[PDB]
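Colleague: Pasting the sequence and an experimental structure:
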Amino acid sequence: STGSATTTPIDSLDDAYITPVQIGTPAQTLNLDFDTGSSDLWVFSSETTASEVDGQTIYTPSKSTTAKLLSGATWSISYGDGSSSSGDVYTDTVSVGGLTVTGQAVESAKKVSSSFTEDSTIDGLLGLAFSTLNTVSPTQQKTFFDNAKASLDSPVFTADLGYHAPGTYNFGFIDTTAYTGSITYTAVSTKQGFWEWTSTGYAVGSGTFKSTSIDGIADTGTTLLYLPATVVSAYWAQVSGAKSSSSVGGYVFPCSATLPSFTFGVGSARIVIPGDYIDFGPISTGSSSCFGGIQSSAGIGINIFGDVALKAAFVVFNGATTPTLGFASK
């Protein structure tokens, strides 16, 4: 089997992407944030504290003839950005782009933190990291991909995120029309539960390539590119007037700037992030200070190849017995 679903930016900045997901019988379609940095499929629901729902579409398990309470199971998750959610668990039928999993754990939120409430466009998350990170207790549950994998034509999924435009998540096949040149594959460590890999270096604009190993995670659920302070300083030094602002919470730059590109290495291959992808717009409405899309990972504890980086590539998440990651230009 295969599946193919369009993923759509939630706003004009590509702050996140939503993908429609069918849950239950009859189907209830929710728009979920596909997150290769976590491993829980959780939804706003009829169980979510009413004051914490503000415009989201909810899953109502009592209206699904295939929903079953997973007795005694609870979940609770905290994300890198400080947000969180928790609740109980049902199993139900879940379909993405025509690919169906029966008995998928659907984690129903009883509580969500303010940032989730405040984002009316995201109805929940669909985790695509390794199932070892799943938070369900006392019986850990599998991701949608893990459950689907054996049925797929090939044990892979691909992320093809758009810049200010829709893109695609495919399951079970590689669309050879969706990228240019060849796909370069690189090793993955699953030791921390992430799609963790090592970039071979970087360049700023038309500058020379610096060969240096940068360990980090491919994370579709993180907006920005978080890299070591040395790398980030080298980038922003090429933008007149750019500075790190403790009050704003990272590098800012004059909105009048033209940003240089940023290149990262994948083996001997190179992925170029155009400068415009690095512009996250005014820090507050009407400001002439703009927020940068490349930020320091210092104090996160890990480098994160988030959407800024991934949307410059066609990315293969290869879930073979020994997982790997592939990157192609597009």
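Modeller: Nice, I can see it. Numbers count the residues shown, from 1 in each chain.

Colleague: mind listing what the residue nearest the centre of the chain touches?
Modeller: In the chain, the residue lying closest to the centroid (Cα atoms, centre = their mean) is residue 220, at 1.8 Å. Applying Cβ atoms under 8 Å, 6 or more residues apart in numbering to residue 220 gives the contacts 17, 34, 35, 36, 37, 128, 159, 161, 306, 307, 310. Where C-beta positions appear, they are placed from N, C-alpha and C, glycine not excepted.

Colleague: just checking, which of these belong to helices?
Modeller: Residues of the contacts of residue 220 located in helices (DSSP state H): 307, 310.

Colleague: what's the closest of the contacts of residue 220 to residue 142?
Modeller: Closest approach to residue 142 among the contacts of residue 220 (Cβ to Cβ): residue 128, at 11.5 Å.

Colleague: Give me the nearest residue to that closest one, chain neighbours excluded.
Modeller: residue 36 (4.5 Å; Cβ to Cβ, 6 or more residues apart in numbering).

Colleague: can you check residue 42 too?
Modeller: Leaving aside its sequence neighbours, residue 42 sits nearest to residue 107 (Cβ to Cβ, 6+ apart; 3.8 Å).

Colleague: Doesn't the one you found belong to a strand?
Modeller: Yes. Using DSSP: H, G, I helix; E, B strand; the rest coil, the assignment for residue 107 is a strand.

Colleague: Have a look at the protein and report its longest helix.
Modeller: In the chain, taking DSSP H as the definition, the longest helix is helix 229-236.

Colleague: what about the helices in the protein?
Modeller: Counting by DSSP H, the chain has helices at residues 114-117, 144-148, 229-236, 307-310.

Colleague: does the residue nearest to residue 42 really touch residue 44, like I thought?
Modeller: No. Using Cβ atoms under 8 Å, residue 107 makes no contact with residue 44, being 10.9 Å away.

Colleague: So the two - more neighbours on which side?
Modeller: The neighbour comparison of residue 107 against residue 44 (other Cβ atoms under 10 Å) goes to residue 107, with 29 against 26.

Colleague: Buried residues in the longest helix of the chain, which are they?
Modeller: Buried residues in helix 229-236, counted by 16 or more other Cβ atoms under 10 Å: 231, 232, 234, 235, 236.

Colleague: Summarise which helices and strands that helix is packed against.
Modeller: strand 196-204, strand 250-254, strand 294-296 (3 or more Cβ pairs under 8 Å, 6 or more residues apart in numbering; DSSP states H and E).

Colleague: Please parse the chain into its domains.
Modeller: Per curated CATH domains, the structural domains of the chain span 5-174, 175-330.

Colleague: circling back to that earlier point, the contacts of residue 220 in strands, which ones?
Modeller: Among the contacts of residue 220, the residues falling in strands (DSSP state E) are 17, 34, 35, 159.

Colleague: among these, which two are most distant?
Modeller: Using Cβ to Cβ, the ones in strands among the contacts of residue 220 reach their maximum pairwise distance at 35 and 159, which is 10.8 Å.

Colleague: returning to that earlier point: got the ones in strands among the contacts of residue 220 as JSON lines, with distance to residue 176 columns?
Modeller: Converted to JSON lines, these look like this (distance: Cβ to Cβ, whole Å):
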{"residue": "17", "distance to residue 176": "23"}
{"residue": "34", "distance to residue 176": "22"}
{"residue": "35", "distance to residue 176": "26"}
{"residue": "159", "distance to residue 176": "16"}
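
Colleague: Using JSON lines, lay out those residues together with neighbour count and distance to residue 225.
Modeller: Listed next are those as JSON lines, based on neighbours: other Cβ atoms under 10 Å; distance: Cβ to Cβ, whole Å:
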{"residue": "17", "neighbour count": "27", "distance to residue 225": "15"}
{"residue": "34", "neighbour count": "25", "distance to residue 225": "18"}
{"residue": "35", "neighbour count": "21", "distance to residue 225": "16"}
{"residue": "159", "neighbour count": "23", "distance to residue 225": "15"}
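
Colleague: what's the closest of the residues you listed to residue 272?
Modeller: The nearest member of these to residue 272, counting by Cβ to Cβ, is residue 159 at 17.4 Å.

Colleague: and residue 63, what does it touch?
Modeller: 24, 28 are the contacts of residue 63 under Cβ under 8 Å, 6+ apart.

Colleague: the strands in the stretch 51-200 of the chain, which residues?
Modeller: According to DSSP state E, counting those that start in this stretch, the stretch 51-200 of the chain carries its strands in the segments 68-78, 84-96, 99-112, 124-127, 156-160, 167-171, 184-187, 196-204.

Colleague: Check the ones you listed for me and report the most buried one.
Modeller: Burial of the strands of the stretch 51-200 of the chain is given as mean neighbour count (mean count of other Cβ atoms under 10 Å); strand 124-127 ranks first at a mean of 27.

Colleague: Fine by me, thanks again.
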